[PDB]
Each structure stands twice: as C-alpha cells, then as structure tokens.
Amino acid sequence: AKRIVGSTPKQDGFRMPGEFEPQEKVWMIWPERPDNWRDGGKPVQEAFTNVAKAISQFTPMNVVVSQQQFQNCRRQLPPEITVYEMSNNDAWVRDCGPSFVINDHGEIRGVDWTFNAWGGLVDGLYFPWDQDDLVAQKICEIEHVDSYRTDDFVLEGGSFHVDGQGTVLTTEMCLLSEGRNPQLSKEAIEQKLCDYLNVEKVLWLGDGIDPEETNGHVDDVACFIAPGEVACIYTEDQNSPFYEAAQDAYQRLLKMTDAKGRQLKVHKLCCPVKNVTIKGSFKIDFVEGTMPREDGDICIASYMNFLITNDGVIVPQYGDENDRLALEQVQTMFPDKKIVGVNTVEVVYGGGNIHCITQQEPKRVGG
C-alpha cells in the first residue's frame, strides 16, 4: 500500500466513523512482556483470548503476535480468529494501531499517528516503542490500505472519541501534557484533530482518571454511544480516586453541544465499589524505564473501557460488586445490542482494558 502525502483526510473526503458504525473486523496484539504482565503473561493471555472469543461472535477477529509467541497464540485461539506475526513492544492496539477513516464511496484509509508509549522519554511507560510504532503501517499493509502518517505529531486512538458527525471528545490532561506534543498550542492540536479525523468541534474534558498511566485517556471516562449521546463514569464516593474527575466530566458533558448543535444526552455508568490493586506477590519484572507495578498500586478499573462492535458490546468485569450493574447500564445504552461481560482484571493490572486492547476496522460504505 501507499502513503498519502500532501493532503489530509478532511481534504480528501475521509472521516473517522463512530465506533458504533458497522465494522469489518477487529484487531488485537497478543500480550507477553514480563515487566508489565505477571507470570510471563500467562494470566493476561487467557483474558485476551476470552475478549477475542467474545468479539468474534459479532465481528471477524484478528490477533497479531511476536515471533516467539506465534505458535502458542495460534494454539490458544480458536481457528476462526486469524493470527499474524507482528513485532511489538506491548499489546495496546487501541493506542498504537491505525485509526481508520472512510469516505462516502467505498474507500478506506488509515491514520498512522506518531506513537511514543504514552509520553516518550518524559513520562512514557517503557522504552523503546519502535516496533509498536510500526503496527499501524503493518495492519494497513495487511488490509491493502493507504495511510496518512502524522509526522512529528503524537496521538493514541484511546485519547479521543468521535461521533462520526463532526465532533471529537478528548481530555486536556492527556493531549496538553509535556510528554506528547509540548511545542504545540491547544489550537494547533485542535487543527490536527480536525484535519485527520474530519471534525469541526473539539470537546475538551479536563482531567482523566489515570494521570500516571496514559495521562488521562478519555476512553476510561466517557464515550459516544450514538450521535448526540454519551456515556460518562459516575460515582458519589468521595473516597474514590475517580471522584473529582468523574464529577467534573459529568458536569461538563451536560452542557456540551456536538457539531450539529445537539445538547448531549449523558448516560451514567457506575464505577467499581472497591479499588483493584497490584499485589506485591505478583511476579512482574522490574526494569528501570518500565512503569513499576508495586504493591498497593491502584489500577484504573473503569467500566467505560468497553468495545462497541456491530451487534455486540464487550464490557469489563473486574470481580466487583458493581459488575452486574455495569452490564445493566450498558444494556440500556444499547437496547438492541447483546452485552457481553468478560473477566478482565488481569488486563487492568497492566494499565487498561478491553477498549485499550482492541482497534476496530469500519466497513467501507458507498460506491
């Protein structure tokens, strides 16, 4: 496939569709690095396998994997899930994957953002990320899709959410941080989102809930369920580490309008009652430069980190008293979809969840 040079998605008539628009397939990277994942990734591999299986009932599923894990990965996953060899540094394809864009006429392209492991050498989560940064192009090659590379602009798919109708929702905590694009003004960043997502309105939330991990990705806080409709985390437990950020996001969203002038309909999503924490007993390597996983570390367990995929919604389950409530709430957001909970506490120990380990590929429409 080819790089598209000298033009933007917007100029070329391509847009990032909403995650709730029809999907051709879904992508995932197989997890393994022992300085993030306990027990050499054996527990988290089971969780990713379960997520992959859940998605595959709704949408063709694909997993990419290192040279060393290829044979095990192919054995673990059912044959209807396609497996590719692909080098990688960690397994977060929401964030190092391509963001696909489509036009009105049956074509699809990829946006290949610069990836830097959530803050690079300022506050990134490991070093290096050179193989992660090639995942977007390799997936586009597989798909025979041409791509835009955003030179000198760092972004992750998990840091924004689109409605497919001219709006993007994001967080100041993430995009304005020192480790991302520190030379750019907020206005310059807005222009990049407009140009590459094909949007005209940027909705800024303030804080996210994981300042140390992704620097507050919006996908743990709020998302679009449909045009003009958002879900937002909510809690009234003032002891929650998520309390202030959930409260502020909720209040901001109530009065936001999208690009079409619709006042957002905000649907509350609960949070886990109890903190999910790293235990010192977890067998995780310490490596200088890799984010430590220390006893008592509070993990970012948000139910918002779900994947919408065709007729299904794949929702985190953390072993919390609110697991059932979360499924009930998401069901009401998507009354005509099948809601599937998957036990993903093993994913959350590594810094994210179902949404951060997947990347959808939309169906081409038109032509």
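The first residue of the shown sequence is 1; numbering continues from there.
- Query: Out of 236-244 and 106-114, which one has CA B-factors that are higher on average in the deposited record?
  - Reply: Per the PDB entry, the higher value belongs to 236-244.
- If you average the Cα B factors in the entry, which is higher, 293-301 or 168-176? 293-301 has the higher mean C-alpha B-factor.
- Message: In terms of recorded Cα temperature factor, pick the maximum from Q251, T277, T214, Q71.
- Response: Out of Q251, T277, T214, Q71, the record gives the largest C-alpha B-factor to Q251.
- Could you tell me which one of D146, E229, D285, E85 shows the highest CA temperature factor in the PDB record? Reading the PDB entry, the winner on C-alpha B-factor is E229.
- Message: Split into thirds by Cα B-factor across the chain's modelled residues, where does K25 land: lowest, middle or highest?
- Response: Answer is highest: the recorded C-alpha B-factor places it there.
- Message: Quick check on the deposited entry: does the C-alpha B-factor of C223 sit in the lowest, middle or highest third of its chain?
- Response: Middle third - that is where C223 ends up once the chain's C-alpha B-factors are sorted.
- Message: Where does the C-alpha B-factor of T49 rank in its chain, lowest, middle or highest third?
- Response: Middle third.
- Query: By the record's CA B-factor, is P98 among the lowest, middle or highest third of residues in the chain?
  - Reply: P98: CA B-factor falls in the highest third of its chain.
- Query: Compared with the other modelled residues in the chain, in which third is the CA B-factor of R324?
  - Reply: Answer is highest: the recorded C-alpha B-factor places it there.
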